[PDB]
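Here the structure comes first, spelled out in structure tokens, and everything after it is commentary.
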Amino acid sequence: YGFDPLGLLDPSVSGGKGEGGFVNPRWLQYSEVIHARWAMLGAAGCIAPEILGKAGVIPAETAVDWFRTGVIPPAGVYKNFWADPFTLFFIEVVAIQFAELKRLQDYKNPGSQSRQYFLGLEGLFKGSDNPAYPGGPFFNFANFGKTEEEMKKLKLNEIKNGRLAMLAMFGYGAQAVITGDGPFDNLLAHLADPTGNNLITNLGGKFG
Amino acid sequence: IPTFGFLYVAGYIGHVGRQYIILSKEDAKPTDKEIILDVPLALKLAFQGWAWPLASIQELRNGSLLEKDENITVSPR
Amino acid sequence: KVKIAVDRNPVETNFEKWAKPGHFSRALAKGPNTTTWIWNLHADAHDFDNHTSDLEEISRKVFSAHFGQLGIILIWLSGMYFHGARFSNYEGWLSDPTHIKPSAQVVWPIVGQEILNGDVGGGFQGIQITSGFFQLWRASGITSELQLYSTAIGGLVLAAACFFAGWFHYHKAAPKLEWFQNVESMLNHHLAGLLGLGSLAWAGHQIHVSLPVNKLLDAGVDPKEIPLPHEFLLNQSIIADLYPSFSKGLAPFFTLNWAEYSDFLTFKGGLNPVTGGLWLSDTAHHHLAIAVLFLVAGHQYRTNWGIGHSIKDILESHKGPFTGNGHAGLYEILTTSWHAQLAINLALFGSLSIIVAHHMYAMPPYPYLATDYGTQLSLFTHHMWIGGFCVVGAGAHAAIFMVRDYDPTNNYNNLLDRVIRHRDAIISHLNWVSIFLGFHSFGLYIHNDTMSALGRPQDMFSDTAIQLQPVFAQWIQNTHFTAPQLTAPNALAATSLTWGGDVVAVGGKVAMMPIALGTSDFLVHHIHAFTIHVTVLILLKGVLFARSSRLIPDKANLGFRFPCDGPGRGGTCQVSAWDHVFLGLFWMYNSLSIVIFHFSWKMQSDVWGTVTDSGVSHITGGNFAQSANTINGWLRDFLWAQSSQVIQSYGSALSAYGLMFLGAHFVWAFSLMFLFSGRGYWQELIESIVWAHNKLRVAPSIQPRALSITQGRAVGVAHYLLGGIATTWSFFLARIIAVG
Amino acid sequence: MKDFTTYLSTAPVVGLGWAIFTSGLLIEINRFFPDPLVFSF
Amino acid sequence: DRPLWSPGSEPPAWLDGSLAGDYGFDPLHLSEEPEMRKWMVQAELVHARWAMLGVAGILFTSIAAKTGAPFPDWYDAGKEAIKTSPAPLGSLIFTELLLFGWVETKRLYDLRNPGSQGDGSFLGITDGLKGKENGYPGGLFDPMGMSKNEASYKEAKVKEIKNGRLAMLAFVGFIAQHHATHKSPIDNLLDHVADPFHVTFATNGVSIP
Amino acid sequence: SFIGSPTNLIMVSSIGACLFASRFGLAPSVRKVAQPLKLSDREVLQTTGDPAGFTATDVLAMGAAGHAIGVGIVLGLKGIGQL
Ligand code: CLA
Ligand code: CLA
Ligand code: CLA
Ligand code: CLA
Ligand code: CLA
Ligand code: SF4
């Protein structure tokens, strides 16, 4: 969209030989779409239990604020889990270390994860020319984005919704620290009384 | 006894230094061996210096310990 | 215009240049034929100017050098935090700071060192430390050793990150020359970003963490039941009872009702009577104001968005008629010479370290720091010496810039060229005022010595006899004492108790009391002015005559550090700017030694002491007023009246101070061999020793050579400074620990 | 390792390895045995 | 060309796959020189064999203690063993030192000079006590002798080095979770299979503050 | 910061005056580089909408200046006996 006031997509930055530094257009786009997908997953998971808890779709005894699930035990930790939060943290570390290290190894060498045997999943782990956009029999298991016009339309839609989720997770954290309740509670407060429940009033309130 | 105890170690140090000096001076561009030490040969001389007084005595006897002044830099007074 | 220009992978990461120690210089890349090659290897190691002529490689080298120094400093700080966490009595010291001496170094019981583990109290034995780290860890809210452990681990992690940053920013992604030449961006980011952001972060930490912990600490609450700072950070109810302004909860900040924050952002003069240090609310408002003042200052220069200031335009715009061209070529000088920037930064860093020493002996910013006389004296002396060394190095690197990076084509009638043009006038007037200050600062002492020895005390330059009253200093003291009454009506008390009228005391020992200035103080201050004027004369003469002189017109072609130009013209020894700095080290040593002697005697005679019900008794019975007017009085009543505990420290906890004292005497005395002697005698002695080693064939392949004349001067001045500094360190610490 | 072991055979093999070995050796004689004056075995 | 320690990585040049368990894992560039390569191979094999022996002994003692035999913990086993041992402490360790000095100097001089101990100097043994490979001896050390077939020998080499590396990891785990739990490894295994969802390395109190 | 409070009016007027000044000269803006008397009318980046050099950096700079001037005026009037 041409919004580069500081300037970090210049090809003159990190010019020469070797693998170089992080300020380069390829890594910048890679990290942009990775932050976008992670922010969209986070924005889905932060408010998804809240709306279903207000509507009673899922049990409200499990529906808790996203910062009280165990991510911040000072804020709150959910006791009624099948495992302790550190056990789930170790499971997370093993699984996502595997995932992100395979991603990094494919980023350094494209298509290299389809050569070393991994449970017969090498067919899914080939990727494309863009390391950010792997595709294949799993990452794009439904073909969906086949023709280049609608593929580029889906690209623009994905990057726009991810850029929205940037500000969504930013506001989620900011509202969580200034107010201490869930984002949907903040939305209900802004809907019920906009002037009485906004930034101006909440900055002069408790816990913020 | 501690006089000989010190003198044994002092002769040990002097003898292994002398052995390294001779065995380094017979090598091409020998000035780098003093700043770039070699560990296997220095350790081999380090564990061969127990009989330092016998080696020093035999080197004095055969004349290889000392050197002819003819080959020693002498101040021109 | 300002962008991030970075070259990726200019230097391969391998140990190829580690195998050959001489690789930075082509002269040292051949081999060590003589023994002076090793000294040239360790001397030209970081001199990046003669390694290569490219400024970009020099900039990358110094960037990663600063990264390595930052990593080293972080390693040392993390080690100090680890020592406070593991081998310390900090938990005991928190419950009793007025009776338990601080300790953070524990020696091993290997050989006789169990006597060095002195009984510092609290069921703990170890070295009584002097850095004041316990006071700092009481200022910032720190209760248990677990927090010190966490700080140490974080410091180690940041040190590893800094070393990795240096490796990356040199070997992996090295910035270009235009990246370093963005002076406006550097100034903006280090004014608003570094200084301002650090001041704001420390203000926030003091407001949310240090203020409640310190408010509960001096109220008699034990640190065990003091709530952890995260409880203050998360819960507004706990922070609301200690400070009722927190109940409003950031409402007065955005509504410009900052007067409601007058409970924890106070404007109070003096010290906290419970602890003896500055009020933490005053420091919080201080660092907040500093953060605001540096954030506005960091948006001054123009970088990329049109608005701002151009430094070249500012320099070229200030031109006044008696100066010709004014600041015309200084921007090009400071954007192309690392040494000129090094000189300016080192001079200002040294001066600000001097300011730090003065302004923390005057206003102690830490709880239970004023009563701890050892920590205050050690901090003052240490930052005294660091500032003096940095100023001498500033003179040295200014002379190096003058020799190397100066070009006469760029500047013709600028300020610098006119400074070189009238350098003889500057040096002559500085010599005149130096001699005048020496006479009317030291002949007064010699005259007082004589009339004392002539049995005529009524002819003295003393208070009892005719006097030189420091009227200006006393008037400034009276103005600053009456400053809160009229000129600063919102201040609760005076900014310091140097000029005050109240004697604060913690634990029965005087924290800070008013200082009376008399004839002896006038004499010592004018001696200080004389000594600093002579030292700046030496350094400026070295800087000014580095390029050329009436003696040697081609001194520029001889380099910065050369021994001499031969015995011609009567003998041009020590004619280089390096030797001028070499003498400047000694003169700064003399100046700072007299300064710290004045500080120690003045504090121990008129400030430090134990308060009683009937008056106040000092450490020494007011001997500075009647004994600091003569050199013999100075000697007998300062260096002989004290130092009786250093010699009698054997068999006690301070015996290591006596050992350090005598070893420092040795090193100071050993230096004079390298200072009086030359090289030819030592070279001939080395020739005789080479003959001796040649007789029985133990001749080294590397030819033994005597140290160079510049090398010999460097060794002599280094051993002299080390001996003198360690002598004063041992004497001061043993005297202030065995008594204070 | 060749380039690294060429560097490691310079000054620290004689300035650090000998120093640490001889030092810590002497420390352990002075630790396990108390302070002697007469060589009476 | 072969499975590596990291998929898609570049194996070291000195690790071409000719060694047993050559997954190309060497970021510190060790064993680059051929002499240092042989020394590192010998060290890995001897540490491996001692690891499998010690871990097997620890597991056997822990299993026997779990059944009901009066077997001690894998920790402080020697502390109670010396009280009933006919051999006192000191004599035991020095007898072990003498025997191991003989054996290990023999195998070291076989490593430096291949086939040097097969000269019949020790009790007239020629074919025995003579090395077959870098760290792999033969003769008296191969009684059943299923290393004659080259394919079976290579497969057994890979199996040996893999089980040995698993044995290093097993010993490190043994000491780590003994310091964590102060219980036998079989006790920890039975606690993990009894309550997997709660009993783990995180709910042991220590090592996770 | 209450609507109708005198400090609200003061900072609103200060921000409005600082924004309105740089709209038509009267200030060293992005398009107006500053000499001792602030001339020469340059042009960089783009205004994105309304005319006269006035981009995001311009509104940020002038808003920061207006906020600072209003804060100084409010605290000064508080100090000298007024609002
Ligand atoms: C840099 C220094 C600093 C810091 C860090 C804080 C921090 C804090 N202050 Mg303090 N304060 C400071 C300086 C500072 N203050 C100064 C100088 C003053 C003037 C004297 C005050 C005066 C003051 C008062 C009077 C009060 C506070 C309070 C607070 C707390 C409430 C936070 C808030 O109001 O804004 C938070 C609002 C935001 C919009 C911040 C957003 C940040 C979030 C974390 C972003 C997260 C985004 C993330 C990427 C997405 C989620 C990630 C997910 C995956 C985990 C907070 C802990 C209040 C308190 O104690 O309440 C308990 C209170 O009453 N402060
Ligand atoms: C091992 C080498 C070596 C040997 C055999 C000698 C032998 C001698 N030197 Mg020499 N010397 C050496 C190294 C050596 N020196 C070094 C490195 C220096 C520089 C510090 C000197 C400085 C020196 C002076 C200044 C003098 C002598 C003198 C003497 C004689 C008296 C004996 C003595 O103990 O002197 C005392 C020797 C010293 C105090 C030097 C100690 C330095 C250490 C111990 C040497 C380290 C070398 C190292 C261990 C060898 C490497 C080992 C190898 C395995 C890698 C004798 C001819 C004296 C003389 O002329 O008498 C006839 C004399 O005045 N030497
Ligand atoms: C607001 C941004 C910012 C900040 C905070 C700093 C901070 C610093 N810079 Mg500066 N610098 C900046 C922008 C910034 N820089 C820009 C934009 C340029 C280019 C024009 C430079 C060019 C520059 C040079 C050429 C040099 C510095 C140096 C330094 C250090 C001075 C040493 C000191 O005072 O001790 C303070 C020490 C500490 C606070 C210790 C912690 C240090 C942390 C780890 C640094 C974190 C700040 C960093 C900007 C974060 C982003 C980096 C990111 C890629 C990870 C200091 C850490 C010197 C140096 O090499 O030191 C690194 C130096 O010689 N700077
Ligand atoms: C901001 C800090 C700073 C920086 C970045 C530099 C950088 C530089 N200086 Mg400057 N300098 C500084 C501070 C600084 N200096 C100060 C404070 C002084 C006053 C003492 C000097 C005095 C000075 C002189 C006189 C000279 C330099 C030179 C140099 C250059 C090479 C230095 C070198 O290779 O030393 C090599 C490193 C060493 C020799 C190690 C130092 C060891 C010293 C001698 C003893 C330290 C002992 C220690 C305190 C206690 C240990 C006790 C012992 C028992 C273990 C380089 C441009 C030289 C040059 O050619 O400039 C171009 C030069 O002639 N500088
Ligand atoms: C304490 C030892 C000492 C003393 C007294 C001196 C004295 C002097 N040095 Mg020196 N200096 C010394 C050690 C010392 N040096 C050492 C060790 C070094 C090596 C680093 C230097 C390095 C050095 C440099 C680099 C410089 C000096 C300079 C000076 C002069 C300073 C003039 C001044 O203001 O003082 C006033 C004079 C005195 C203190 C001399 C004693 C006068 C007493 C009070 C008697 C008064 C006169 C008397 C009544 C007449 C008697 C008459 C009789 C014959 C009948 C002076 C000649 C500087 C110079 O040339 O002048 C500025 C200069 O640039 N010196
Ligand atoms: S004595 Fe030394 S410094 Fe002086 S002129 Fe002679 S050679 Fe040069």
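How things are named: the first chain in the structure tokens is A, the next is B, and so on; residues count from 1 in each chain; ligands count from 1 in the order shown.
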
If you run DSSP on the backbone, which residues of range 66-163 of chain C are strand (DSSP E or B), as number ranges by chain? C: 103-105, 118-119, 125-128

For the residues in that selection, give me C-alpha atoms as a short mmCIF file (atom, residue, chain, number, x, y, z; two decimals), in the first residue's frame.
```cif
data_model
loop_
_atom_site.label_atom_id
_atom_site.label_comp_id
_atom_site.auth_asym_id
_atom_site.auth_seq_id
_atom_site.Cartn_x
_atom_site.Cartn_y
_atom_site.Cartn_z
CA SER C 103 30.16 -7.36 52.84
CA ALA C 104 30.01 -8.93 49.38
CA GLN C 105 33.36 -10.71 48.87
CA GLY C 118 36.31 -10.02 59.25
CA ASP C 119 33.38 -9.99 61.65
CA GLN C 125 32.29 -13.01 57.88
CA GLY C 126 33.93 -11.58 54.79
CA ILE C 127 35.54 -8.55 53.20
CA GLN C 128 33.93 -5.27 54.20
#
```

Among range 11-124 of chain E, which residues does DSSP mark as helix (DSSP H, G or I) when it is run on the backbone? Keep the chain and numbering as in the structure and answer as a PyMOL selection string. chain E and resi 34-67+77-84+91-112+116-118

What residues in chain A lie within 12 Å of chain F, counting only C-alpha atoms, written as a VMD selection string? chain A and resid 3 to 6 195 200 to 201 203 to 204

Neighbours of ligand 5 within 7 Å, counting only C-alpha atoms and all ligand atoms, as a PyMOL selection string? chain C and resi 431+434-439+442-443+446+530+534+537-538+583-584+586-587

Would you list the residues that come within 10 Å of ligand 2? Count only C-alpha atoms and all ligand atoms and give the answer as number ranges by chain. B: 7, 10-21, 24, 33-34, 37-47, 49; C: 685-700, 704; D: 13-14, 18

Neighbours of residue 2 in chain D within 12 Å (only C-alpha atoms; same-chain residues fewer than 2 positions away dropped), as a ChimeraX atom specification? /C:14-16,18-19 /D:4-9 /E:28-37

Which residues form the shell of 7 Å around ligand 4 when you count only C-alpha atoms and all ligand atoms, given as a list in words? residues 42, 43, 44, 45, 46, 47, 48, 49, 339, 342, 346, 389, 390, 391, 392, 393, 394, 396, 397, 400, 561, 578, 581, 582 and 718 of chain C

Write a file of the selected residues as a compact mmCIF listing (two decimals), in the first residue's frame, keeping N, CA, C and O atoms.
```
# COMPACT_ATOMS: atom_id res chain seq x y z
N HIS C 42 50.95 -5.78 21.24
CA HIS C 42 50.00 -5.41 22.28
C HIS C 42 49.76 -3.91 22.36
O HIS C 42 48.86 -3.48 23.09
N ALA C 43 50.55 -3.10 21.65
CA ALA C 43 50.39 -1.65 21.64
C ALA C 43 49.55 -1.16 20.46
O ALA C 43 48.65 -0.34 20.64
N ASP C 44 49.84 -1.65 19.25
CA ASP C 44 49.07 -1.31 18.07
C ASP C 44 47.89 -2.24 17.86
O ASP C 44 47.41 -2.38 16.72
N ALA C 45 47.41 -2.89 18.92
CA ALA C 45 46.33 -3.86 18.79
C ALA C 45 45.02 -3.19 18.44
O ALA C 45 44.31 -3.64 17.53
N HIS C 46 44.68 -2.11 19.13
CA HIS C 46 43.42 -1.42 18.91
C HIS C 46 43.58 -0.10 18.18
O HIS C 46 42.58 0.59 17.95
N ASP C 47 44.80 0.27 17.80
CA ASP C 47 45.01 1.45 16.96
C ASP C 47 44.55 1.14 15.54
O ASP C 47 45.31 0.60 14.74
N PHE C 48 43.30 1.48 15.22
CA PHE C 48 42.72 1.10 13.94
C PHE C 48 43.04 2.09 12.83
O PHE C 48 42.65 1.84 11.68
N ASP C 49 43.73 3.19 13.13
CA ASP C 49 44.03 4.17 12.09
C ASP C 49 45.11 3.68 11.14
O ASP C 49 45.00 3.85 9.92
N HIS C 339 38.85 10.48 16.35
CA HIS C 339 39.65 10.91 17.48
C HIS C 339 39.17 12.24 18.06
O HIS C 339 39.25 12.44 19.27
N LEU C 342 36.25 11.35 20.04
CA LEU C 342 36.73 10.68 21.25
C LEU C 342 37.25 11.68 22.27
O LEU C 342 36.99 11.53 23.46
N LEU C 346 35.40 12.14 25.74
CA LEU C 346 36.18 11.78 26.92
C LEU C 346 36.31 12.96 27.87
O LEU C 346 36.25 12.78 29.09
N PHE C 389 41.44 10.58 34.70
CA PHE C 389 42.00 9.74 33.65
C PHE C 389 41.31 9.97 32.32
O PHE C 389 41.97 10.03 31.27
N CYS C 390 39.98 10.13 32.34
CA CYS C 390 39.25 10.39 31.10
C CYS C 390 39.61 11.74 30.51
O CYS C 390 39.67 11.89 29.28
N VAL C 391 39.86 12.74 31.35
CA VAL C 391 40.24 14.06 30.85
C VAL C 391 41.64 14.02 30.22
O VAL C 391 41.88 14.61 29.16
N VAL C 392 42.57 13.31 30.87
CA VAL C 392 43.91 13.16 30.29
C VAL C 392 43.85 12.40 28.97
O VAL C 392 44.54 12.76 28.00
N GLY C 393 43.02 11.36 28.90
CA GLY C 393 42.82 10.67 27.64
C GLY C 393 42.17 11.52 26.58
O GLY C 393 42.45 11.35 25.39
N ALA C 394 41.30 12.44 26.98
CA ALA C 394 40.73 13.40 26.05
C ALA C 394 41.82 14.27 25.44
O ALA C 394 41.82 14.51 24.23
N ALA C 396 44.95 13.41 25.17
CA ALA C 396 45.76 12.52 24.34
C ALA C 396 45.12 12.31 22.97
O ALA C 396 45.79 12.43 21.94
N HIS C 397 43.83 12.00 22.94
CA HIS C 397 43.17 11.72 21.67
C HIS C 397 42.91 12.99 20.87
O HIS C 397 42.86 12.92 19.64
N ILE C 400 46.15 13.23 19.17
CA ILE C 400 46.19 12.24 18.10
C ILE C 400 45.41 12.72 16.88
O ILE C 400 45.86 12.56 15.74
N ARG C 561 53.14 9.45 18.34
CA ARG C 561 53.94 8.81 19.38
C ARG C 561 55.30 8.44 18.80
O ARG C 561 55.49 7.37 18.24
N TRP C 578 52.63 12.70 22.79
CA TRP C 578 52.47 11.54 23.67
C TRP C 578 53.22 11.74 24.98
O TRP C 578 52.72 11.39 26.05
N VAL C 581 51.35 14.15 27.18
CA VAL C 581 50.33 13.41 27.91
C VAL C 581 50.96 12.56 29.02
O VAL C 581 50.38 12.41 30.10
N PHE C 582 52.15 12.02 28.77
CA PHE C 582 52.85 11.20 29.75
C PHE C 582 53.17 12.00 31.01
O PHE C 582 53.06 11.48 32.13
N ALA C 718 52.82 3.97 33.97
CA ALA C 718 51.79 3.04 34.38
C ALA C 718 52.08 2.46 35.76
O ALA C 718 51.19 2.39 36.61
```

Show me which residues line ligand 6, defined as having an atom within 8 Å of a ligand atom where only C-alpha atoms and all ligand atoms count, and present them as a PyMOL selection string. chain C and resi 563-568+571-574+678-679+709

Select the residues contacting ligand 3 at a distance of at most 8 Å, based on only C-alpha atoms and all ligand atoms, then format the selection as a VMD selection string. chain C and resid 59 62 to 67 70 74 158 161 to 162 179 to 195 197 to 198

Taking C-alpha atoms for each residue, export the selection above as a PDB file, in the first residue's frame.
```
ATOM      1  CA  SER C  59      33.867   2.552  12.203  1.00  0.00           C
ATOM      2  CA  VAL C  62      35.071   0.603  16.945  1.00  0.00           C
ATOM      3  CA  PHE C  63      31.355  -0.290  16.873  1.00  0.00           C
ATOM      4  CA  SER C  64      32.078  -3.902  17.765  1.00  0.00           C
ATOM      5  CA  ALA C  65      34.754  -2.743  20.225  1.00  0.00           C
ATOM      6  CA  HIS C  66      32.096  -0.728  22.063  1.00  0.00           C
ATOM      7  CA  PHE C  67      29.823  -3.779  21.916  1.00  0.00           C
ATOM      8  CA  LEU C  70      29.444  -3.213  26.924  1.00  0.00           C
ATOM      9  CA  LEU C  74      27.498  -6.274  31.828  1.00  0.00           C
ATOM     10  CA  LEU C 158      22.358  -9.267  28.133  1.00  0.00           C
ATOM     11  CA  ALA C 161      23.458 -10.693  23.680  1.00  0.00           C
ATOM     12  CA  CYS C 162      25.869  -7.742  23.473  1.00  0.00           C
ATOM     13  CA  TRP C 179      25.163   4.825   8.504  1.00  0.00           C
ATOM     14  CA  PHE C 180      27.745   6.043  11.029  1.00  0.00           C
ATOM     15  CA  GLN C 181      27.789   9.538   9.490  1.00  0.00           C
ATOM     16  CA  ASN C 182      24.083  10.095  10.298  1.00  0.00           C
ATOM     17  CA  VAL C 183      25.019  12.332  13.214  1.00  0.00           C
ATOM     18  CA  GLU C 184      21.569  13.931  13.577  1.00  0.00           C
ATOM     19  CA  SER C 185      19.843  10.545  13.844  1.00  0.00           C
ATOM     20  CA  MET C 186      22.450   9.343  16.356  1.00  0.00           C
ATOM     21  CA  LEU C 187      21.977  12.454  18.494  1.00  0.00           C
ATOM     22  CA  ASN C 188      18.174  12.250  18.361  1.00  0.00           C
ATOM     23  CA  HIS C 189      18.137   8.536  19.198  1.00  0.00           C
ATOM     24  CA  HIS C 190      20.659   8.889  22.030  1.00  0.00           C
ATOM     25  CA  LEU C 191      18.967  11.995  23.466  1.00  0.00           C
ATOM     26  CA  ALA C 192      15.289  11.036  23.300  1.00  0.00           C
ATOM     27  CA  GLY C 193      15.820   7.284  23.145  1.00  0.00           C
ATOM     28  CA  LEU C 194      18.761   6.278  25.338  1.00  0.00           C
ATOM     29  CA  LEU C 195      18.938   8.988  28.007  1.00  0.00           C
ATOM     30  CA  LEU C 197      13.830   6.500  27.782  1.00  0.00           C
ATOM     31  CA  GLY C 198      16.175   5.296  30.521  1.00  0.00           C
TER      32      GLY C 198
END
```

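For the residues E:119, E:26, E:10, E:1, ranking by smallest atom-to-atom distance to chain D using only C-alpha atoms places E:26 first.
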
Considering only C-alpha atoms, extract the chain E residues located within 9 Å of chain A and return them as number ranges by chain. E: 1-4, 6-9, 196-198, 200-203, 208

Generate the output file for the selected residues, N, CA and C atoms, as a PDB file, in the first residue's frame.
```
ATOM      1  N   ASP E   1      21.721 -37.351   1.070  1.00  0.00           N
ATOM      2  CA  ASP E   1      22.384 -38.627   0.836  1.00  0.00           C
ATOM      3  C   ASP E   1      22.222 -39.558   2.033  1.00  0.00           C
ATOM      4  N   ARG E   2      21.978 -38.976   3.204  1.00  0.00           N
ATOM      5  CA  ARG E   2      21.781 -39.734   4.429  1.00  0.00           C
ATOM      6  C   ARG E   2      20.953 -38.890   5.386  1.00  0.00           C
ATOM      7  N   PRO E   3      20.242 -39.511   6.326  1.00  0.00           N
ATOM      8  CA  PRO E   3      19.518 -38.726   7.336  1.00  0.00           C
ATOM      9  C   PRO E   3      20.481 -37.964   8.236  1.00  0.00           C
ATOM     10  N   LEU E   4      20.248 -36.662   8.356  1.00  0.00           N
ATOM     11  CA  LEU E   4      21.093 -35.779   9.141  1.00  0.00           C
ATOM     12  C   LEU E   4      20.413 -35.433  10.459  1.00  0.00           C
ATOM     13  N   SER E   6      19.762 -32.478  11.410  1.00  0.00           N
ATOM     14  CA  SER E   6      18.798 -31.443  11.078  1.00  0.00           C
ATOM     15  C   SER E   6      18.398 -31.632   9.621  1.00  0.00           C
ATOM     16  N   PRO E   7      17.101 -31.739   9.322  1.00  0.00           N
ATOM     17  CA  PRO E   7      16.677 -31.901   7.925  1.00  0.00           C
ATOM     18  C   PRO E   7      16.993 -30.655   7.108  1.00  0.00           C
ATOM     19  N   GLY E   8      17.649 -30.864   5.969  1.00  0.00           N
ATOM     20  CA  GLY E   8      18.028 -29.768   5.103  1.00  0.00           C
ATOM     21  C   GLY E   8      19.307 -29.058   5.474  1.00  0.00           C
ATOM     22  N   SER E   9      20.024 -29.535   6.486  1.00  0.00           N
ATOM     23  CA  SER E   9      21.279 -28.919   6.876  1.00  0.00           C
ATOM     24  C   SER E   9      22.413 -29.393   5.973  1.00  0.00           C
ATOM     25  N   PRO E 196       0.190 -40.136  34.400  1.00  0.00           N
ATOM     26  CA  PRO E 196       0.932 -39.371  33.388  1.00  0.00           C
ATOM     27  C   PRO E 196       0.492 -37.927  33.277  1.00  0.00           C
ATOM     28  N   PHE E 197      -0.788 -37.637  33.521  1.00  0.00           N
ATOM     29  CA  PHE E 197      -1.307 -36.296  33.289  1.00  0.00           C
ATOM     30  C   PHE E 197      -0.855 -35.303  34.350  1.00  0.00           C
ATOM     31  N   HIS E 198      -0.434 -35.777  35.519  1.00  0.00           N
ATOM     32  CA  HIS E 198      -0.045 -34.895  36.614  1.00  0.00           C
ATOM     33  C   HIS E 198       1.405 -35.078  37.031  1.00  0.00           C
ATOM     34  N   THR E 200       5.040 -35.469  36.491  1.00  0.00           N
ATOM     35  CA  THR E 200       5.969 -35.210  35.398  1.00  0.00           C
ATOM     36  C   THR E 200       7.162 -34.448  35.961  1.00  0.00           C
ATOM     37  N   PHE E 201       7.967 -33.870  35.069  1.00  0.00           N
ATOM     38  CA  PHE E 201       9.132 -33.098  35.477  1.00  0.00           C
ATOM     39  C   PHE E 201       8.779 -31.714  36.005  1.00  0.00           C
ATOM     40  N   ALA E 202       7.519 -31.297  35.894  1.00  0.00           N
ATOM     41  CA  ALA E 202       7.106 -29.967  36.317  1.00  0.00           C
ATOM     42  C   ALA E 202       6.485 -29.937  37.704  1.00  0.00           C
ATOM     43  N   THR E 203       5.894 -31.043  38.155  1.00  0.00           N
ATOM     44  CA  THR E 203       5.220 -31.105  39.445  1.00  0.00           C
ATOM     45  C   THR E 203       6.034 -31.873  40.480  1.00  0.00           C
ATOM     46  N   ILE E 208      11.577 -26.683  38.765  1.00  0.00           N
ATOM     47  CA  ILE E 208      10.552 -25.805  38.205  1.00  0.00           C
ATOM     48  C   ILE E 208      10.049 -24.965  39.373  1.00  0.00           C
TER      49      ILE E 208
END
```

Around ligand 1, out to 6 Å and counting only C-alpha atoms and all ligand atoms, which residues are there? I want them as a PyMOL selection string. (chain A and resi 169-170+173-174+177-178+207-208) or (chain C and resi 200-201+203-204+233-236+246+249-250+288)

Fewer than 6 positions away in the same chain doesn't count, so skip those; otherwise give me all residues within 7 Å of range 179-183 of chain E, counting only C-alpha atoms, as a compact mmCIF listing (two decimals) with C-alpha atoms, in the first residue's frame.
```
# COMPACT_ATOMS: atom_id res chain seq x y z
CA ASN E 204 8.24 -32.49 41.31
CA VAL E 206 12.33 -28.64 42.46
CA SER E 207 13.76 -27.75 39.00
```

Long-range neighbours of range 505-511 of chain C as a ChimeraX atom specification, 12 Å cut-off, only C-alpha atoms, 5 positions minimum in chain: /C:96-100,218,270-278,361-373,376,496-498,603-613,615-619,740

So what do you get for CA of residue 421 in chain C versus CA of residue 323 in chain C, distance-wise?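 One can read the CA of residue 421 in chain C to CA of residue 323 in chain C distance as 11.8 Å.
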
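Every residue of chain C that lies within 12 Å of chain D is listed here, counting only C-alpha atoms: residues 13, 14, 15, 16, 17, 18, 19, 20, 21, 22, 38, 108, 109, 110, 111, 112 and 113 of chain C.
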
Long-range neighbours of residue 122 in chain E as a PyMOL selection string, 10 Å cut-off, only C-alpha atoms, 5 positions minimum in chain: chain E and resi 106+117+129
